[PDB]
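Visitor: My structure is below; once you've seen it, I'll send some questions.
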Amino acid sequence: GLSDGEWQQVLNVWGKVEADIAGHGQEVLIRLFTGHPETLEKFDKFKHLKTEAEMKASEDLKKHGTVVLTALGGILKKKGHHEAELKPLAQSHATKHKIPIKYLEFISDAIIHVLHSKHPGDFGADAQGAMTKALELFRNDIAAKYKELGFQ
Ligand code: HEM
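Residues 2 to 153 in UniProt numbering are what the sequence shown spells out, letter by letter.
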């Protein structure tokens with residue numbers, strides 16, 4: 002549950018991501034995959050990547066990074082009013098992709114990490130607080146749908 006001041010910060014930060022959505026998306030996925038290699042096994046089309054150089058060189062990985070952050074951005078722009086947008090993602094990730102909620106925690110922290118990395122000294126404490134709350138909201142609403150589906 003975010004205040005409008007916090008949403009303002011979220012969307013301000015997101016402006017950074019949108020100036021280079023593919024670059025941000027790429028680095029987020031790389032941080033996830035290298036930080037938590039088990040997550041790589043959920044992707045039949047990336048499981049072949051064994052090194053980070055191969056990851057960095059992968060145009061399809063960058064492409065999926067764009068798809069992921071485009072979807073997240075559409076969701077963030079709803080400022081919490083994202084039931085329509087979130088439900089199919091929850092459903093596809095629970096039932097088709099079988100992504101445990103832990104992995105959504107992983108990618109949440111990865112976004113935080115990447116923002117600091119690409120914007121050192123430009124991602125203030127207030128901005129981190131707001132972004133973290135937004136990602137928690139996202140995760141928590143997915144988690145509710147996971148529970149409905151009995152998905153672990
Ligand atoms: C911010 C969090 C995430 C967002 C916004 C997101 C969004 C999406 C979207 C829009 C798609 C394509 C449409 C669909 O299949 O529903 C997708 C596919 C997929 N996602 Fe997610 N995702 C997120 C997190 C994750 C995580 C953490 C994992 C695994 C650790 C994951 C695994 C997958 C897989 C395996 C596919 C299918 C890829 C393919 O074969 O093309 N997702 N995701």
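All C-beta atoms in this analysis are idealised placements derived from N, C-alpha and C, irrespective of residue type, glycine included.
Cβ of residue 68 within 8 Å of any heavy atom in the ligand HEM?
Guide: Here residue 68 refers to the residue found at position 67 when the sequence shown is read from its first residue. Yes, the beta carbon of residue 68 sits closer than 8 Å to at least one heavy atom of the ligand HEM.
Visitor: Is the beta carbon of residue 142 closer than 9 Å to that of residue 83?
Guide: Locating residue 83 in the sequence shown gives position 82, where the first residue counts as 1. Locating residue 142 in the sequence shown gives position 141, where the first residue counts as 1. Cβ atoms of residue 83 and residue 142: closer than 9 Å.
Visitor: Could you tell me how far apart the beta carbons of residue 26 and residue 75 are, in whole angstroms, since I believe they sit closer than 8 Å?
Guide: Counting from 1 along the sequence shown, the entry for residue 26 is found at position 25. Counting from 1 along the sequence shown, the entry for residue 75 is found at position 74. Between residue 75 and residue 26 the Cβ distance is about 14 Å, and since that is not below 8 Å, they are no contact.
Visitor: Compute the distance between the beta-carbons of residue 104 and residue 43, then report whether it is under 9 Å.
Guide: Against the sequence shown, residue 104 aligns to sequence position 103. Against the sequence shown, residue 43 aligns to sequence position 42. Contact: yes.
Visitor: Taking any heavy atom of the ligand HEM as the mark, which residues have a C-beta closer than 7 Å to it, listed down the chain?
Guide: Qualifying residues, in the order they occur: 33, 40, 43, 44, 45, 46, 65, 68, 69, 72, 73, 76, 89, 90, 93, 94, 97, 98, 100, 104, 105, 107, 108 and 139.
Visitor: Specify, as a first and last residue, the run of the alpha helix (DSSP H) that residue 148 falls within.
Guide: Looking up residue 148 in the sequence shown gives position 147. That run of the alpha helix (DSSP H) goes 126-150.
Visitor: Is the beta carbon of residue 113 closer than 9 Å to that of residue 136?
Guide: The sequence position of residue 136 within the sequence shown is 135, counting from 1. The sequence position of residue 113 within the sequence shown is 112, counting from 1. Cβ distance < 9 Å, so residue 136 and residue 113 count as in contact.
Visitor: Counting contacts by CB-CB distance shorter than 9 Å, is residue 64 in contact with chain C?
Guide: In the structure shown, chain C does not exist; there is a single protein chain.
Visitor: So, are the CB atoms of residue 50 and residue 33 less than 9 Å apart?
Guide: The residue you call residue 50 lines up with position 49 of the sequence shown. The residue you call residue 33 lines up with position 32 of the sequence shown. No.
Visitor: With 16 as the cutoff for other CB atoms within 10 Å, does residue 96 come out buried or exposed?
Guide: Sequence index remark: in the sequence shown, residue 96 carries index 95 (1-based). Flag for residue 96 reads exposed.
Visitor: At the level of alpha carbons, what is the spacing between residue 92 and residue 58?
Guide: Locating residue 92 in the sequence shown gives position 91, where the first residue counts as 1. Locating residue 58 in the sequence shown gives position 57, where the first residue counts as 1. Distance between the alpha carbons of residue 92 and residue 58: 31 Å.
Visitor: Please classify residue 54 as buried or exposed, where buried requires at least 16 neighbouring CB atoms within 10 angstroms.
Guide: For this step, residue 54 is matched to residue 53 along the sequence shown. Residue 54 should be labelled exposed.
Visitor: What does the alpha-carbon distance come out to for the pair residue 11 and residue 132?
Guide: For the purposes of this step, residue 11 is identified with residue 10 of the sequence shown, where counting begins at 1. For the purposes of this step, residue 132 is identified with residue 131 of the sequence shown, where counting begins at 1. The alpha-carbon atoms of residue 11 and residue 132 are separated by roughly 5 Å.
Visitor: Going by alpha carbons, who is nearest to residue 111 out of 128, 87, 134 and 36?
Guide: Within the sequence shown, residue 111 is the residue found at index 110, counting from 1. Nearest option by C-alpha distance: 36.
Visitor: Taking 9 Å as the cut-off, decide whether the C-beta atoms of residue 1 and residue 138 are in contact.
Guide: This structure cannot settle anything about residue 1, because the visible part of the chain is limited to 2 through 153.
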